[PDB]
Amino acid sequence: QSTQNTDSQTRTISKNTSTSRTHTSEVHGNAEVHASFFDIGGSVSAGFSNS
Amino acid sequence: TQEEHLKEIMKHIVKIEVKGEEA
């Protein structure tokens with residue numbers, strides 16, 4: 001029979017770097033109905049966002 | 001100034017819109 005004892009100390013020094021590039025499109029919509037005592041309106045909107 | 005008052009009431013009849021950021 002045999003017994004083994006072991007100790008281990010590890011020093012790990014690590015580097016990392018990164019880039020990233022995002023390209024974002026977007027198409028918005030809107031409708032609106034306004035109403036007052038004697039004033040009524042309506043509105044339609046649309047939006048085109050690049051990024 | 002009646003015409004100016006009518007223009008002011010017409011301007012009041014609406015919204016100054018909203019401030020939205022999509023950053």
# chains A, B, ... in the order shown; residues from 1 in each chain; ligands from 1
>>> residues_around(residues="stretch 11-15 of chain B", least_positions_apart="2", cutoff="8 Å", atoms="only C-alpha atoms", output="PyMOL selection string")
(chain A and resi 36+39) or (chain B and resi 7-9+17)
>>> residues_around(residues="stretch 18-23 of chain A", least_positions_apart="3", cutoff="12 Å", atoms="only C-alpha atoms", output="ChimeraX atom specification")
/A:15,26,49-51
>>> select_by_dssp(residues="chain A", states="strand (DSSP E)", output="NGL selection string")
:A and (25-35 or 40-50)
>>> write_last_selection(atoms="N, CA and C atoms", output="short mmCIF file (atom, residue, chain, number, x, y, z; two decimals), in the first residue's frame")
data_model
loop_
_atom_site.label_atom_id
_atom_site.label_comp_id
_atom_site.auth_asym_id
_atom_site.auth_seq_id
_atom_site.Cartn_x
_atom_site.Cartn_y
_atom_site.Cartn_z
N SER A 25 -30.93 48.96 -37.87
CA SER A 25 -32.02 49.59 -38.60
C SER A 25 -33.28 49.55 -37.75
N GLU A 26 -34.27 50.36 -38.14
CA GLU A 26 -35.45 50.64 -37.32
C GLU A 26 -36.53 51.30 -38.17
N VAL A 27 -37.76 50.80 -38.09
CA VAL A 27 -38.90 51.37 -38.81
C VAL A 27 -40.05 51.57 -37.83
N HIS A 28 -40.34 52.82 -37.49
CA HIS A 28 -41.35 53.22 -36.52
C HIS A 28 -42.68 53.54 -37.19
N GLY A 29 -43.78 53.30 -36.47
CA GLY A 29 -45.10 53.71 -36.91
C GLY A 29 -45.83 54.44 -35.82
N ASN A 30 -46.90 55.14 -36.21
CA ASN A 30 -47.68 55.96 -35.30
C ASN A 30 -49.01 56.31 -35.97
N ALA A 31 -50.08 56.33 -35.17
CA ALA A 31 -51.36 56.91 -35.53
C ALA A 31 -51.89 57.64 -34.30
N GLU A 32 -52.75 58.64 -34.50
CA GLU A 32 -53.18 59.48 -33.39
C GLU A 32 -54.56 60.05 -33.68
N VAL A 33 -55.45 60.01 -32.69
CA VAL A 33 -56.79 60.58 -32.80
C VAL A 33 -57.00 61.53 -31.64
N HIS A 34 -57.13 62.82 -31.94
CA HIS A 34 -57.31 63.87 -30.94
C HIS A 34 -58.75 64.37 -30.99
N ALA A 35 -59.32 64.68 -29.83
CA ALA A 35 -60.70 65.14 -29.76
C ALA A 35 -60.85 66.18 -28.67
N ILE A 40 -61.41 68.00 -33.61
CA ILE A 40 -61.03 66.60 -33.76
C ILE A 40 -59.96 66.51 -34.83
N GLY A 41 -58.87 65.81 -34.53
CA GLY A 41 -57.79 65.63 -35.47
C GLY A 41 -57.34 64.18 -35.53
N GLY A 42 -56.60 63.86 -36.59
CA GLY A 42 -55.95 62.57 -36.69
C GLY A 42 -54.62 62.71 -37.41
N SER A 43 -53.69 61.83 -37.06
CA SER A 43 -52.30 61.94 -37.49
C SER A 43 -51.71 60.56 -37.75
N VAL A 44 -50.88 60.45 -38.79
CA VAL A 44 -50.22 59.19 -39.15
C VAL A 44 -48.74 59.48 -39.35
N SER A 45 -47.88 58.69 -38.69
CA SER A 45 -46.44 58.93 -38.73
C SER A 45 -45.68 57.63 -38.94
N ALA A 46 -44.49 57.75 -39.54
CA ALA A 46 -43.60 56.62 -39.76
C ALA A 46 -42.15 57.10 -39.76
N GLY A 47 -41.26 56.27 -39.22
CA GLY A 47 -39.89 56.65 -38.95
C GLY A 47 -38.85 55.65 -39.44
N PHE A 48 -37.73 56.14 -39.96
CA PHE A 48 -36.69 55.28 -40.52
C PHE A 48 -35.35 55.60 -39.86
N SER A 49 -34.92 54.76 -38.91
CA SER A 49 -33.71 55.01 -38.14
C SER A 49 -32.64 54.00 -38.51
N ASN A 50 -31.49 54.49 -38.98
CA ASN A 50 -30.29 53.68 -39.12
C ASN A 50 -29.38 53.95 -37.93
#
>>> closest_residue(among="B:6, B:22, B:16, B:1", to="chain A", atoms="only C-alpha atoms")
B:22
